[PDB]
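Visitor: Here's a structure for you.
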Amino acid sequence: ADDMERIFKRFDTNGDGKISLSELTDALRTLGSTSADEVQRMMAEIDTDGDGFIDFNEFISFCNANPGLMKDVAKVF
Ligand SMILES: [Ca+2]
Ligand SMILES: [Ca+2]
């Protein structure tokens, strides 16, 4: 089972296969109500290649380290 898949469809509001400051924010703003000011900082560490976008691979690379989040995000997202 790939829970990150179904959830990946949310974070990827652009439906292009990556998460930017416009898409990511949509998540942290829906579950946290934050802004891009923190997004660029959150993805900056998640980005395994750092290209201004968060792919699917890196998405799990970092998310995996956050077992307490994947449980909350997979509850609504
Ligand atoms: Ca996208
Ligand atoms: Ca990337």
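Identifiers for the structure tokens are assigned positionally: chains receive A, B, ... in sequence, residues are indexed from 1 per chain, and ligands are indexed from 1 in the order shown.
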Skip residue 70 in chain A itself and residues of its chain fewer than 3 positions away, then list as a ChimeraX atom specification all residues within 12 Å of it, counting only C-alpha atoms.

Guide: /A:2-8,59-60,62-67,73-77

Visitor: What would the file look like if the residues just selected were written as an mmCIF file, in the first residue's frame with N, CA, C and O atoms?

Guide:
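That gives us out34.cif:
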data_model
loop_
_atom_site.group_PDB
_atom_site.id
_atom_site.type_symbol
_atom_site.label_atom_id
_atom_site.label_comp_id
_atom_site.auth_asym_id
_atom_site.auth_seq_id
_atom_site.Cartn_x
_atom_site.Cartn_y
_atom_site.Cartn_z
ATOM 1 N N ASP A 2 0.455 2.247 -0.786
ATOM 2 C CA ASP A 2 1.191 3.504 -0.877
ATOM 3 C C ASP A 2 0.317 4.678 -0.447
ATOM 4 O O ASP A 2 -0.297 5.344 -1.280
ATOM 5 N N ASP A 3 0.265 4.924 0.858
ATOM 6 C CA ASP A 3 -0.534 6.017 1.398
ATOM 7 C C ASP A 3 -0.004 7.365 0.920
ATOM 8 O O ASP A 3 -0.768 8.311 0.729
ATOM 9 N N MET A 4 1.309 7.445 0.730
ATOM 10 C CA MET A 4 1.941 8.678 0.274
ATOM 11 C C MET A 4 1.454 9.055 -1.121
ATOM 12 O O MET A 4 1.514 10.219 -1.515
ATOM 13 N N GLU A 5 0.973 8.063 -1.863
ATOM 14 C CA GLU A 5 0.477 8.292 -3.216
ATOM 15 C C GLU A 5 -0.793 9.137 -3.193
ATOM 16 O O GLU A 5 -0.836 10.227 -3.764
ATOM 17 N N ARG A 6 -1.825 8.626 -2.530
ATOM 18 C CA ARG A 6 -3.097 9.332 -2.435
ATOM 19 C C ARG A 6 -2.900 10.731 -1.859
ATOM 20 O O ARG A 6 -3.512 11.695 -2.321
ATOM 21 N N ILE A 7 -2.043 10.835 -0.848
ATOM 22 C CA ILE A 7 -1.766 12.116 -0.210
ATOM 23 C C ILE A 7 -0.939 13.017 -1.123
ATOM 24 O O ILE A 7 -1.071 14.240 -1.089
ATOM 25 N N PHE A 8 -0.088 12.402 -1.938
ATOM 26 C CA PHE A 8 0.759 13.148 -2.861
ATOM 27 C C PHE A 8 -0.084 13.932 -3.862
ATOM 28 O O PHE A 8 0.348 14.959 -4.386
ATOM 29 N N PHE A 59 9.944 13.491 -1.234
ATOM 30 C CA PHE A 59 8.762 13.684 -0.402
ATOM 31 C C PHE A 59 8.717 12.658 0.727
ATOM 32 O O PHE A 59 8.390 12.988 1.867
ATOM 33 N N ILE A 60 9.046 11.414 0.400
ATOM 34 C CA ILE A 60 9.043 10.339 1.385
ATOM 35 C C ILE A 60 10.352 10.307 2.167
ATOM 36 O O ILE A 60 10.383 9.897 3.327
ATOM 37 N N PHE A 62 12.067 12.696 3.460
ATOM 38 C CA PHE A 62 11.952 13.523 4.655
ATOM 39 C C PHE A 62 10.723 13.132 5.471
ATOM 40 O O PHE A 62 10.807 12.932 6.683
ATOM 41 N N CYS A 63 9.583 13.025 4.797
ATOM 42 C CA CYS A 63 8.335 12.660 5.458
ATOM 43 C C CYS A 63 8.520 11.412 6.316
ATOM 44 O O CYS A 63 7.949 11.303 7.400
ATOM 45 N N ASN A 64 9.321 10.474 5.822
ATOM 46 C CA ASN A 64 9.580 9.232 6.544
ATOM 47 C C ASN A 64 10.125 9.517 7.939
ATOM 48 O O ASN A 64 9.832 8.794 8.891
ATOM 49 N N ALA A 65 10.920 10.577 8.053
ATOM 50 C CA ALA A 65 11.505 10.958 9.332
ATOM 51 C C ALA A 65 10.447 11.530 10.271
ATOM 52 O O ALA A 65 10.671 11.646 11.475
ATOM 53 N N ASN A 66 9.296 11.885 9.710
ATOM 54 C CA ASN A 66 8.204 12.445 10.498
ATOM 55 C C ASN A 66 7.024 11.479 10.557
ATOM 56 O O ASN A 66 6.029 11.631 9.848
ATOM 57 N N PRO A 67 7.136 10.462 11.424
ATOM 58 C CA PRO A 67 6.088 9.451 11.598
ATOM 59 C C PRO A 67 4.843 10.017 12.272
ATOM 60 O O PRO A 67 3.746 9.482 12.120
ATOM 61 N N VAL A 73 -1.506 13.720 8.489
ATOM 62 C CA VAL A 73 -1.784 14.121 7.115
ATOM 63 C C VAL A 73 -2.605 13.061 6.389
ATOM 64 O O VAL A 73 -3.481 13.383 5.586
ATOM 65 N N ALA A 74 -2.317 11.797 6.677
ATOM 66 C CA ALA A 74 -3.030 10.688 6.054
ATOM 67 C C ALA A 74 -4.417 10.517 6.664
ATOM 68 O O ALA A 74 -5.146 9.585 6.322
ATOM 69 N N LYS A 75 -4.776 11.421 7.568
ATOM 70 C CA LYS A 75 -6.077 11.370 8.226
ATOM 71 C C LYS A 75 -7.099 12.221 7.478
ATOM 72 O O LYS A 75 -8.295 11.927 7.490
ATOM 73 N N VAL A 76 -6.620 13.275 6.826
ATOM 74 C CA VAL A 76 -7.491 14.167 6.070
ATOM 75 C C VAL A 76 -6.987 14.348 4.642
ATOM 76 O O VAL A 76 -7.775 14.515 3.711
ATOM 77 N N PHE A 77 -5.669 14.313 4.477
ATOM 78 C CA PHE A 77 -5.059 14.473 3.163
ATOM 79 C C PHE A 77 -4.696 13.119 2.563
ATOM 80 O O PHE A 77 -4.998 12.841 1.402
#

Visitor: Within 10 Å of ligand 2, which residues show up when you count only C-alpha atoms and all ligand atoms? List them as a short mmCIF file (atom, residue, chain, number, x, y, z; two decimals) with N, CA, C and O atoms, in the first residue's frame, please.

Guide:
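Produced file pocket_8.cif, reproduced below:
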data_model
loop_
_atom_site.label_atom_id
_atom_site.label_comp_id
_atom_site.auth_asym_id
_atom_site.auth_seq_id
_atom_site.Cartn_x
_atom_site.Cartn_y
_atom_site.Cartn_z
N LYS A 18 5.25 17.34 -8.70
CA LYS A 18 6.13 18.04 -7.77
C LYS A 18 5.35 19.03 -6.92
O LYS A 18 4.23 19.42 -7.27
N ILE A 19 5.94 19.44 -5.80
CA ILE A 19 5.29 20.39 -4.90
C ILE A 19 6.10 21.67 -4.78
O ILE A 19 7.27 21.65 -4.37
N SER A 20 5.49 22.79 -5.13
CA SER A 20 6.15 24.09 -5.07
C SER A 20 5.65 24.90 -3.87
O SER A 20 4.96 24.37 -3.00
N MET A 43 10.26 22.95 2.42
CA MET A 43 10.64 22.21 1.22
C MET A 43 12.14 22.33 0.97
O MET A 43 12.74 21.47 0.33
N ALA A 44 12.74 23.41 1.47
CA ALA A 44 14.17 23.64 1.30
C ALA A 44 14.99 22.50 1.90
O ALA A 44 16.08 22.19 1.43
N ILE A 46 13.45 19.38 2.54
CA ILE A 46 12.91 18.16 1.96
C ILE A 46 13.50 17.91 0.58
O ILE A 46 13.75 16.76 0.20
N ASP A 47 13.72 18.98 -0.18
CA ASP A 47 14.28 18.87 -1.52
C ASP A 47 15.62 18.15 -1.49
O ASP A 47 16.62 18.68 -0.99
N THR A 48 15.65 16.93 -2.02
CA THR A 48 16.87 16.13 -2.05
C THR A 48 17.85 16.67 -3.09
O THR A 48 19.06 16.48 -2.97
N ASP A 49 17.32 17.34 -4.11
CA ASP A 49 18.14 17.91 -5.17
C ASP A 49 18.07 19.43 -5.15
O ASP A 49 18.88 20.10 -5.79
N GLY A 50 17.11 19.97 -4.42
CA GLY A 50 16.95 21.41 -4.34
C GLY A 50 16.82 22.06 -5.70
O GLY A 50 17.78 22.62 -6.22
N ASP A 51 15.63 21.97 -6.28
CA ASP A 51 15.37 22.55 -7.59
C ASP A 51 14.14 23.45 -7.56
O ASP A 51 13.56 23.76 -8.59
N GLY A 52 13.75 23.87 -6.35
CA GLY A 52 12.59 24.72 -6.21
C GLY A 52 11.28 23.94 -6.22
O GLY A 52 10.20 24.53 -6.20
N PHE A 53 11.39 22.62 -6.25
CA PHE A 53 10.21 21.76 -6.27
C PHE A 53 10.47 20.47 -5.49
O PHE A 53 11.59 19.98 -5.44
N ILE A 54 9.41 19.94 -4.88
CA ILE A 54 9.52 18.71 -4.11
C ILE A 54 8.94 17.52 -4.87
O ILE A 54 7.72 17.38 -4.98
N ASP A 55 9.81 16.67 -5.39
CA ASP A 55 9.39 15.50 -6.14
C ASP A 55 8.66 14.51 -5.24
O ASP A 55 8.36 14.82 -4.08
N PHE A 56 8.39 13.32 -5.76
CA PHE A 56 7.70 12.29 -5.00
C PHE A 56 8.68 11.51 -4.12
O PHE A 56 8.38 11.18 -2.98
N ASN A 57 9.86 11.23 -4.67
CA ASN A 57 10.88 10.49 -3.94
C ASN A 57 11.28 11.23 -2.67
O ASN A 57 11.04 10.75 -1.56
N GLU A 58 11.88 12.40 -2.83
CA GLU A 58 12.31 13.21 -1.69
C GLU A 58 11.16 13.41 -0.71
O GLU A 58 11.37 13.49 0.50
N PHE A 59 9.94 13.49 -1.23
CA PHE A 59 8.76 13.68 -0.40
C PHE A 59 8.72 12.66 0.73
O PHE A 59 8.39 12.99 1.87
#

Visitor: Tell me, in Å to one decimal, how far CA of residue 33 in chain A is from CA of residue 15 in chain A.

Guide: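 Separation of CA of residue 33 in chain A and CA of residue 15 in chain A: 21.3 Å.
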
Visitor: Got a sec: who's within 10 Å of residue 24 in chain A, counting only C-alpha atoms, leaving out chain neighbours fewer than 5 positions off, as an MDAnalysis selection string?

Guide: chainID A and resid 10:14 18:19 29:30 35:36 38:40 42:43 53:54

Visitor: Have a look at A:1, A:32, A:16, A:69 and name the one nearest to ligand 1; count only C-alpha atoms and all ligand atoms.

Guide: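 Closest to ligand 1 of all the choices is A:16.
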
Visitor: Any chance you could list, as a ChimeraX atom specification, the residues in chain A that come up alpha helix (DSSP H) when DSSP is run on the backbone?

Guide: /A:3-11,21-27,36-46,56-63,67-76
